[PDB]
Amino acid sequence: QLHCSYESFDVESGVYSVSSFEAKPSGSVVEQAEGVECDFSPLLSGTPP
Amino acid sequence: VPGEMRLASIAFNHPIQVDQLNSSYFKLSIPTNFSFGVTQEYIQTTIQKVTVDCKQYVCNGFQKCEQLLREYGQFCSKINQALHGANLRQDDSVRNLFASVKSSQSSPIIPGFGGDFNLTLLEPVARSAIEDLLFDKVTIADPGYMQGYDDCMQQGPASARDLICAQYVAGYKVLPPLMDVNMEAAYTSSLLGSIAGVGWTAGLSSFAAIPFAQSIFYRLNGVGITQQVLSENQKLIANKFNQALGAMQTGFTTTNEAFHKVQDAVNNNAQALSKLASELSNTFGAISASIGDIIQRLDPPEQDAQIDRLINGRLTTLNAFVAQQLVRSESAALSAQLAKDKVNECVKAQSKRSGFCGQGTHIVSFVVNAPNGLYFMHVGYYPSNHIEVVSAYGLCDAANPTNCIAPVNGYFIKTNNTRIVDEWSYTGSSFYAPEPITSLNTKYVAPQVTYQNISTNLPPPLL
Amino acid sequence: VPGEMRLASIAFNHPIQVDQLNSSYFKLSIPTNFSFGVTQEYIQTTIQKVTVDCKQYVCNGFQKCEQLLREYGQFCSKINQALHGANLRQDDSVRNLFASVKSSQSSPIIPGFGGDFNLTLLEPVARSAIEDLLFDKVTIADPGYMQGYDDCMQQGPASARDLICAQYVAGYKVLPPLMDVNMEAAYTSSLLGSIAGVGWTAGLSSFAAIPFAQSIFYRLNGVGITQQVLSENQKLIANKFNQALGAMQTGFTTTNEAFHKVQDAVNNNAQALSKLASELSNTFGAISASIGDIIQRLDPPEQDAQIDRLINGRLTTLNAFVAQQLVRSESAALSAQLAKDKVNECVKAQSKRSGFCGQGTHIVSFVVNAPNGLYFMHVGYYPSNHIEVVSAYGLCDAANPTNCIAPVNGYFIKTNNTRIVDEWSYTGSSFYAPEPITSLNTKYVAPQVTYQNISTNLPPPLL
Ligand SMILES: *[C@@H]1O[C@H](CO)[C@@H](O[C@@H]2O[C@H](CO)[C@@H](O)[C@H](O)[C@H]2NC(C)=O)[C@H](O)[C@H]1NC(C)=O
Ligand SMILES: *[C@@H]1O[C@H](CO)[C@@H](O[C@@H]2O[C@H](CO)[C@@H](O)[C@H](O)[C@H]2NC(C)=O)[C@H](O)[C@H]1NC(C)=O
Ligand SMILES: *[C@@H]1O[C@H](CO)[C@@H](O[C@@H]2O[C@H](CO)[C@@H](O)[C@H](O)[C@H]2NC(C)=O)[C@H](O)[C@H]1NC(C)=O
Ligand SMILES: *[C@@H]1O[C@H](CO)[C@@H](O[C@@H]2O[C@H](CO)[C@@H](O)[C@H](O)[C@H]2NC(C)=O)[C@H](O)[C@H]1NC(C)=O
Ligand SMILES: *[C@@H]1O[C@H](CO)[C@@H](O[C@@H]2O[C@H](CO)[C@@H](O)[C@H](O)[C@H]2NC(C)=O)[C@H](O)[C@H]1NC(C)=O
Ligand SMILES: *[C@@H]1O[C@H](CO)[C@@H](O[C@@H]2O[C@H](CO)[C@@H](O)[C@H](O)[C@H]2NC(C)=O)[C@H](O)[C@H]1NC(C)=O
Ligand SMILES: *[C@@H]1O[C@H](CO)[C@@H](O)[C@H](O)[C@H]1NC(C)=O
Ligand SMILES: *[C@@H]1O[C@H](CO)[C@@H](O)[C@H](O)[C@H]1NC(C)=O
């Protein structure tokens, strides 16, 4: 990368900056409302029609 | 509660008026009292050194940017190269300065140095008490390096707000200073030990190695104070000097302008970094300042147009930033050149120039480390209680007109002292105090019409 | 295969320590050896002068863009005027510098000048071999003006690579230097003719017209070397001097920083021109960098949408270019002031200030032409083999307390030499060279408690 930045096969000696590590990503974490529940409980009591 | 503000005229301090003379004699104004005093200066010698990742500042590595960015890759090379050259110059300026700061030889530094002088500048064998007062007054953020990054990482306080750990997001790099602070302290301890011999020639390569107090008295004869006065007042002089020195412990206030300049230098560096940080949130009319947001909200044909708009404004900020750094780096270099000159004049030796150093003739001055620069202190001499006396251009033998003399570093005055039977007396230019005229205080000169015709008694020449 | 890089501490040289002593006598450090040596500096004085054509840079005779350009014709007018003013400033600095370079009078110069001193700087009557070495070491492109235009034209080699032929494409104009290198050579020879000398008072009226070697001995006594030493070592001095001068043949290397600065002055000028050239190919989102090409490919109602984009970006580049030139021009003017100051101090006279000139006290310095500036060489005096000796603040007659003397530009040291029967001896301050105390090297002073009480043999006063 250093050679490409100077368009040359002979960069002068020195200390040079290079791009940083982008780190590493982990598995996702998500929070959203829950507890929908579909009101199906009437089927469990009384005599069915 | 407060009343109304008061309009007021700016005062004009009139100079003491000294009526001229229209004969062979003239009024002379001479102080009869004096005090030591101090003035201070701050000279910046560096700009904090930074570099910027030219891919990371623009984007967070999202691939669409990485593809688009290739069109602009050459701009980044120009950015990195320019910053790099600026940083190299800062390092050369430091090395150049220190080459003149060092002395070939010095006294060892010991406690109790300077005799009766207080010398709070002595090292706590370390930096110095005064330098630490300055650094504690400074509001600058804690450094990184070691432990560095693990003070940024989740195992640390939730309250960190340092731009220093923001460095690991923005792609900033804050370069370490070229020199370890301990070596810097060593360079100025060497300057402390370079005092004496101050007189006896230029001092280029001899080292007198004499007590600090003795070098002071030599300097006092260098400004026209007679030796007789100095021997009588030695303890008095040390006491006045220490009072002036003691005031340095109260000198670190916001009313001290040199101190204020240090504070501004600290926030010049902070300001530049904060500007780049604020720009990360600056949408350019792009749907969001975030790349991930525009990716998640846009069909890719649209997405790339928005990304390009975002990139263009980001690159423009980086270009302006480089220009800003180049200007500041250059001004720092010039300031460093000034510092170099003062060390080789105002510090290493007494100077007759005026202007430079404290505004009270010149006696020894000191320098200490300060953030981004050097902090100077100058001890000065301040005249007081001026009186007017009769004085003559010179004296001659009335019986032998070719015998003419004139005072050296002082003036002939009509005597007003009861111990001197001689009608005339000699005093030093810096302080009123009559003395008998002797060959040590005079030199032979060609005769002149304004010289007094003495018909009675002159010892130099006796005849 | 080469070894791994090695981590290392940065060395800190320690000054020679000199222990402080109490009482009426003190330790003194004095060199017993010395060498001549040199340092060099490059002071740029000018920016290469150029002008541009806001009519040839933007577009090239296409009638459609000419009409479009007319709406912006005033920008070019601002550009041209700004560049013109910058060039006037460059010529002002040249004349101002030369006004101090010139002398009302000088010695003629012939081969073999300086006697035993080698003086390679003498012209091959010419410029000088040293100036030519510099020009050969410089990597700068082949010169303008003649034959000029015909090196763009097919009447020359296909291997030419000069941006100067691109001068006739880009609309660049490179203005000629005002000074004319032959007049420049005359001015530097005139400065050599002012040598021998500055000594003998002010030197601001009279011209001493003495041999070069004599002016050197005068300077050596001006730094506290005794006259006796100078007479004994005359050939030795010339030998050491020419060793330092001979080292200049190795001075043209990349580790010589003054040399490096000269090369970068050249590099900066070349880069500025290359920037404008590269921009000729820079589309601004325009279909092509060529105006004629987009005209050929497009119906005129759409054609000038493309032309407009192209024109605006080209103007923007020119504006940035001008701003840069103004900044550089100002830095050159300030740098030129520094050059003028050193000519009127570091060159025209020996200086007591340290600081300026090479760091070895000061002795004569020289200046030669360098591209875009002046190149200075400073001869200096470097001490070696320092020894510690016993010394006294002064001497007095124990039989008469008012008889007190002190050394002039030297010290009283306990004798360590078998030739001198006297318990004390005078020495030069620049070199260890003890000698008998005589009235020529001493002065009467007021008495002091630290002066030694000599109860026997003192020749000054005999009684
Ligand atoms: C004149 O010299 C005296 C020293 O005798 C200076 O000192 C002052 O002395 C008075 C006497 O009581 C004190 O009240 C002051 O506090 C002293 N001043 C200090 C310590 O700064 C006096 O300052 C000199 N005069 C002037 C005008 O400076
Ligand atoms: C010289 O100044 C030093 C400054 O450090 C003086 O030491 C201080 O004296 C005060 C007097 O109350 C104490 O409160 C401080 O704690 C002392 N500081 C230190 C670091 O010890 C010292 O007394 C002065 N000496 C003379 C002779 O003037
Ligand atoms: C006393 O008077 C002056 C000094 O106060 C001496 O100088 C001469 O003064 C006269 C004026 O009357 C001038 O014309 C002369 O030119 C002065 N002398 C010189 C050498 O310039 C004067 O000589 C003294 N002695 C007398 C008058 O005997
Ligand atoms: C003063 O020191 C210099 C160098 O330190 C001495 O020069 C000698 O020079 C030759 C020629 O390069 C070297 O080969 C020798 O090694 C040098 N000698 C030493 C001891 O370094 C010079 O002779 C010394 N002069 C004295 C002691 O009077
Ligand atoms: C001193 O001046 C002499 C000339 O008087 C120089 O000697 C010449 O140097 C050049 C450069 O290499 C040679 O081409 C010549 O052949 C030399 N002349 C002779 C007669 O041999 C010499 O270089 C100068 N410098 C020193 C340090 O002696
Ligand atoms: C002999 O040397 C001493 C010191 O080495 C001279 O200084 C005297 O020192 C004492 C002690 O402080 C003072 O009380 C005297 O006043 C000093 N003398 C003077 C003249 O100030 C002493 O003068 C020397 N004796 C001579 C030169 O005859
Ligand atoms: C100076 O002396 C008196 C001062 O009152 C004045 O009248 C006179 O004109 C001045 N000049 C000369 C030459 O005396
Ligand atoms: C050393 O210098 C001190 C300085 O206060 C002085 O008091 C003392 O007399 C001197 N001599 C000795 C032997 O301590």
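Scanning for something under 17 Å from B:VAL327 (Cα atoms), in contact with a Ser or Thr (Cβ under 9 Å, 6 or more places away or on another chain) and not aromatic (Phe, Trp, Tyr), does region B:51-71 turn up at least one residue?
Yes - at least one qualifying residue is present in region B:51-71.
Within region C:435-450, track down each residue that is closer than 19 Å to C:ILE30 by Cβ and within 14 Å of chain B (Cβ to nearest Cβ).
Pass one, region C:435-450, residues closer than 19 Å to C:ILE30 by Cβ: C:435-437, C:441-442.
Scanning region C:435-450 gives C:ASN441, C:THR442.
Under 9 Å between Cβ atoms, at least 6 apart or on separate chains: pull out the pairs that start in region C:19-41 with a residue that is small (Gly, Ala, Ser) and end on any residue that is in a loop (DSSP other than H, G, I, E, B) and within 16 Å of ligand 6 (Cβ to nearest atom).
These pairs meet every condition: C:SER23/C:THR450; C:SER24/C:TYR393; C:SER24/C:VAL449; C:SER24/C:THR450; C:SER24/C:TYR451.
Being within 16 Å of ligand 6 (Cβ to nearest atom) and at negative phi is the filter here; which residues of region C:10-50 pass it?
C:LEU21, C:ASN22, C:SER24, C:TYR25, C:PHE26
Search region C:406-425 for residues being within 13 Å of another protein chain (Cβ to nearest Cβ) and surrounded by 20 or more Cβ atoms within 10 Å (Cβ to Cβ), and hand back the single one that is farthest from C:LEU458 (Cα to Cα).
Filtering region C:406-425 for residues that are within 13 Å of another protein chain (Cβ to nearest Cβ) and surrounded by 20 or more Cβ atoms within 10 Å (Cβ to Cβ), the one farthest from C:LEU458 (Cα to Cα) comes out as C:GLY410.
So which residues in region C:357-366 are buried (at least 20 other Cβ atoms within 10 Å of the Cβ) and either within 14 Å of another protein chain (Cβ to nearest Cβ) or assigned to a loop (DSSP other than H, G, I, E, B) (or both), if there are any at all?
Of everything in region C:357-366, those that are buried (at least 20 other Cβ atoms within 10 Å of the Cβ) and either within 14 Å of another protein chain (Cβ to nearest Cβ) or assigned to a loop (DSSP other than H, G, I, E, B) (or both) turn out to be C:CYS357, C:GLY358, C:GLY360, C:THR361, C:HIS362, C:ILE363, C:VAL364.
B:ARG89 passes all but one of (1) of a type in the set (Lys, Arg); (2) surrounded by 14 or more Cβ atoms within 10 Å (Cβ to Cβ); (3) part of a loop (DSSP other than H, G, I, E, B); which number fails?
Among (1) of a type in the set (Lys, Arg); (2) surrounded by 14 or more Cβ atoms within 10 Å (Cβ to Cβ); (3) part of a loop (DSSP other than H, G, I, E, B), the lone unmet condition for B:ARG89 is (3).
Can you find a residue in region B:133-153 that is under 30 Å from B:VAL52 (Cβ atoms) and among the basic types (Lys, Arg)? Break it down stepwise before answering.
So in region B:133-153, the residues under 30 Å from B:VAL52 (Cβ atoms) come out as B:135, B:138-153.
Subsequent filtering for residues that are among the basic types (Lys, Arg) retains none.
No, every residue in region B:133-153 fails to be under 30 Å from B:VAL52 (Cβ atoms) and among the basic types (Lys, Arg).
Take the conditions of a type in the set (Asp, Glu), more than 10 Å from every other protein chain (Cβ to nearest Cβ) and either touching a strand residue (DSSP E or B) at 6+ places or on another chain (Cβ under 6 Å) or under 26 Å from A:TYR16 (Cβ atoms) (or both) and apply them to B:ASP142. Does it pass?
Numbers: of a type in the set (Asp, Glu): yes; more than 10 Å from every other protein chain (Cβ to nearest Cβ): yes; either touching a strand residue (DSSP E or B) at 6+ places or on another chain (Cβ under 6 Å) or under 26 Å from A:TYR16 (Cβ atoms) (or both): no.
When the stated conditions are applied, B:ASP142 does not pass them.
A quick yes/no check of all residues on (1) loosely packed, with under 10 Cβ neighbours inside 10 Å; (2) acidic (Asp, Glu):
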| residue | (1), (2) |
| --- | --- |
| A:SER19 | no, no |
| A:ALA23 | yes, no |
| A:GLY27 | yes, no |
| A:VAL36 | yes, no |
| A:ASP39 | yes, yes |
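Would you call C:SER77 in a strand (DSSP E or B), more than 16 Å from ligand 6 (Cβ to nearest atom) and among the polar types (S, T, N, Q)?
no
Could you pull out the residue among B:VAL52, B:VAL38 that is away from ligand 3 (no atom under 16 Å from the Cβ), within 30 Å of B:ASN267 (Cβ to Cβ), surrounded by 10 or more Cβ atoms within 10 Å (Cβ to Cβ) and within 14 Å of another protein chain (Cβ to nearest Cβ)?
Going through B:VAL52, B:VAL38 in turn, the sole match is B:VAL52.
Where the second residue is surrounded by fewer than 23 Cβ atoms within 10 Å (Cβ to Cβ) and assigned to a loop (DSSP other than H, G, I, E, B) and the first is within 9 Å of chain C (Cβ to nearest Cβ) and of a type in the set (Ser, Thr, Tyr) and lies in region B:192-212, which pairs have Cβ atoms under 6 Å and are six or more apart or on separate chains?
Correct list of pairs: B:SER194/B:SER103; B:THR201/C:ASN409; B:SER205/C:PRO31.
Take the residues in region B:222-240 that are away from ligand 8 (no atom under 16 Å from the Cβ) and touching a helix residue (DSSP H, G or I) at 6+ places or on another chain (Cβ under 8 Å); name whichever of them is nearest to B:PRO407 (Cα to Cα).
Once the filter is applied, the top-ranked residue is B:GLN227.
For the subset of region C:1-35 comprising residues that are more than 11 Å from chain B (Cβ to nearest Cβ) and of a type in the set (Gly, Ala, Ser), which member is farthest from ligand 4 (Cβ to nearest atom)?
C:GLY3
Report whether or not C:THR254 is touching a helix residue (DSSP H, G or I) at 6+ places or on another chain (Cβ under 7 Å) and among the polar types (S, T, N, Q).
Spelling it out, C:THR254 is indeed touching a helix residue (DSSP H, G or I) at 6+ places or on another chain (Cβ under 7 Å) and among the polar types (S, T, N, Q).
Report, by residue number, each residue of region C:23-35 that is away from ligand 5 (no atom under 16 Å from the Cβ) and either surrounded by 15 or more Cβ atoms within 10 Å (Cβ to Cβ) or closer than 30 Å to C:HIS362 by Cβ (or both).
Initially, region C:23-35 is screened for residues away from ligand 5 (no atom under 16 Å from the Cβ), giving C:23-34.
C:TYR25, C:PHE26, C:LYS27, C:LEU28, C:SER29, C:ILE30, C:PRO31, C:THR32, C:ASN33, C:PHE34, listed by residue number.
Within region B:181-191, can you find the residues that are facing chain C (nearest Cβ under 8 Å) and touching a strand residue (DSSP E or B) at 6+ places or on another chain (Cβ under 9 Å)?
Selection gives B:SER190 alone.
Residue-wise test of (1) more than 16 Å from ligand 5 (Cβ to nearest atom); (2) basic (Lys, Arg); (3) within 35 Å of the chain's Cα centre (by Cα).
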{"residue": "B:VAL1", "(1), (2), (3)": "yes, no, no"}
{"residue": "B:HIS14", "(1), (2), (3)": "yes, no, yes"}
{"residue": "B:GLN40", "(1), (2), (3)": "yes, no, yes"}
{"residue": "B:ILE47", "(1), (2), (3)": "yes, no, yes"}
{"residue": "B:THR51", "(1), (2), (3)": "yes, no, yes"}
{"residue": "B:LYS55", "(1), (2), (3)": "yes, yes, no"}
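Taking region B:104-134 as the search range and keeping residues that are within 11 Å of chain C (Cβ to nearest Cβ) and polar (S, T, N, Q), which one is farthest from B:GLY197 (Cα to Cα)?
If we take residues in region B:104-134 being within 11 Å of chain C (Cβ to nearest Cβ) and polar (S, T, N, Q), then B:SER104 is farthest from B:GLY197 (Cα to Cα).
All of the numbers you see were taken from the coordinates with simple rules; none came from a lab. Virtual Cβ from ideal backbone geometry, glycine too; neighbours counted across all protein chains shown.
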